[PDB]
Amino acid sequence: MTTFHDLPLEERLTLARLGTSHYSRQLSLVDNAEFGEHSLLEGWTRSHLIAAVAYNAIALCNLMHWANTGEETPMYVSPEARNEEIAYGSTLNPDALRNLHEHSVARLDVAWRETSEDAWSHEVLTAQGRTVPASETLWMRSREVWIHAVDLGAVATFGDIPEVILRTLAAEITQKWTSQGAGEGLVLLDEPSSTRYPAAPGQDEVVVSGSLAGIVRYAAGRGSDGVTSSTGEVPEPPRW
Numbered sequence: 001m002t003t004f005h006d007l008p009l010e011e012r013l014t015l016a017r018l019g020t021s022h023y024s025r026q027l028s029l030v031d032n033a034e035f036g037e038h039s040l041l042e043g044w045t046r047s048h049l050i051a052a053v054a055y056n057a058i059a060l061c062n063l064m065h066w067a068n069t070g071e072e073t074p075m076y077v078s079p080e081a082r083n084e085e086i087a088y089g090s091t092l093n094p095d096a097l098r099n100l101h102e103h104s105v106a107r108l109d110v111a112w113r114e115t116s117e118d119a120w121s122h123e124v125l126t127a128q129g130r131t132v133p134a135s136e137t138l139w140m141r142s143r144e145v146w147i148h149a150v151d152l153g154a155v156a157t158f159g160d161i162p163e164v165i166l167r168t169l170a171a172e173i174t175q176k177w178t179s180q181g182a183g184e185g186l187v188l189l190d191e192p193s194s195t196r197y198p199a200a201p202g203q204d205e206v207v208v209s210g211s212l213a214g215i216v217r218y219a220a221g222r223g224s225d226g227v228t229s230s231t232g233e234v235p236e237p238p239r240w
């Protein structure tokens, strides 16, 4: 069971594009009058979310420009500028936002298509300070669209997400917790495939199990409906 990272570039691009079309189908289902409503993500109106996704596309465009020119161009100007722009974007009218999403998507795809072979392996920095090859943007964008498609609150689910992406997410989230010493003793279990995704080590083990879609929804902090606990009580997972 390979991860997204070991897939050929073309398959990674296809998954990012499929995720975007999936996300866009959900956005199409949301009515303009519903943009001001809460998303399924706590603390985000749909407008905030929609804007954030577009700004993520622009941010990934920056990394691809850095990769293709060799000139450093960070994802975001600063943490502040980031939030301030999302705040601005969230105020725009529904159609302006739909146009921003559409155009930002189109521009990122062009950036990927015109990227050179060497550029794909060019080293860049993510907003979280990670040093990765430019190709990482294919994964970063897939992570964004496939998951936020669910947050839009139309009909998308974690079950809709290709297994290779869910597996990669299960590993990434728990690896992140581990690196930060979070989730001592907590272990996610993909029961059908008998695959454990442990967090930081601890004396008291607590296994949260279910289907892959179930444990990823749980780990991503979007609900425990798809899982059960070995102690009879599902604890709140570390934040992500």
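Numbered according to the deposited numbering, the sequence shown spans residues 1 to 240.
Just so you know, even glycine gets a beta-carbon here, dropped at the ideal spot from N, CA and C.
Less than 7 Å separating the beta-carbons of residue i and residue j?
| i | j | result |
| --- | --- | --- |
| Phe4 | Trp139 | yes |
| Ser104 | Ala170 | no |
| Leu189 | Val206 | no |
| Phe35 | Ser24 | no |
| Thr231 | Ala200 | no |
| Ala134 | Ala81 | no |
| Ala154 | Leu29 | yes |
| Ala220 | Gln26 | no |
Whole angstroms are fine: how far does the CA of residue j sit from the CA of residue i?
| i | j | result |
| --- | --- | --- |
| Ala213 | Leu166 | 7 Å |
| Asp151 | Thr168 | 19 Å |
| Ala182 | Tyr76 | 27 Å |
| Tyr197 | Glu236 | 16 Å |
| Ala87 | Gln203 | 43 Å |
| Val234 | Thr174 | 16 Å |
| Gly43 | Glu114 | 37 Å |
| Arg17 | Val227 | 30 Å |
| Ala96 | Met64 | 25 Å |
| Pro238 | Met1 | 26 Å |
| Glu184 | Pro79 | 29 Å |
| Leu49 | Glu37 | 11 Å |
| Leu15 | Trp240 | 22 Å |
| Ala54 | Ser229 | 37 Å |
| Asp109 | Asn32 | 25 Å |
| residue 260 | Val216 | Summary: the structure shown does not reach residue 260, with the chain confined to residues 1 through 240, and so no result is reported for it. |
| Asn99 | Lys176 | 34 Å |
| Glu85 | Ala59 | 12 Å |
| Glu11 | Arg222 | 27 Å |
| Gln180 | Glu136 | 21 Å |
Contact check, residue i vs residue j under 8 Å by CB: the rounded distance?
| i | j | result |
| --- | --- | --- |
| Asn62 | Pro74 | 7 Å |
| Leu13 | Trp112 | 6 Å |
Spatial neighbours of residue i within its chain, please: C-beta separation below 6 Å, excluding the five flanking residues on both sides.
| i | result |
| --- | --- |
| residue 251 | Since the first residue of the chain shown is 1 and the last is 240, residue 251 is not available in this structure. |
| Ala127 | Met75, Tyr76 |
| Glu72 | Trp66 |
| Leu40 | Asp151, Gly153 |
| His22 | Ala149 |
| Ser224 | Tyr218, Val234 |
Keeping to the same chain, check which residues put their C-beta closer than 8 Å to that of residue i; ignore five residues upstream and five downstream.
| i | result |
| --- | --- |
| residue 241 | Outside the shown range of the chain (1 to 240) lies residue 241, about which nothing can therefore be said. |
| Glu191 | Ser209, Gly210, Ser211 |
| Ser116 | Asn68 |
| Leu7 | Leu15, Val164 |
| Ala106 | none |
| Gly70 | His122 |
Who are the near neighbours of residue i in its chain, counting only those whose CB is closer than 7 Å to its CB and skipping five residues on each side?
| i | result |
| --- | --- |
| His101 | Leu27, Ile50, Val53, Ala54 |
| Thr157 | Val150 |
| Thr20 | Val105, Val145 |
Return yes when at least one heavy atom of the ligand ATP lies under 6 Å from the C-beta of residue i, else no.
| i | result |
| --- | --- |
| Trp146 | This structure does not include the ligand ATP; it has no bound ligands of any sort. |
Could you tell me whether the region 127–143 touches the region 87–96, where touching means 3 or more Cβ pairs closer than 8 Å?
no
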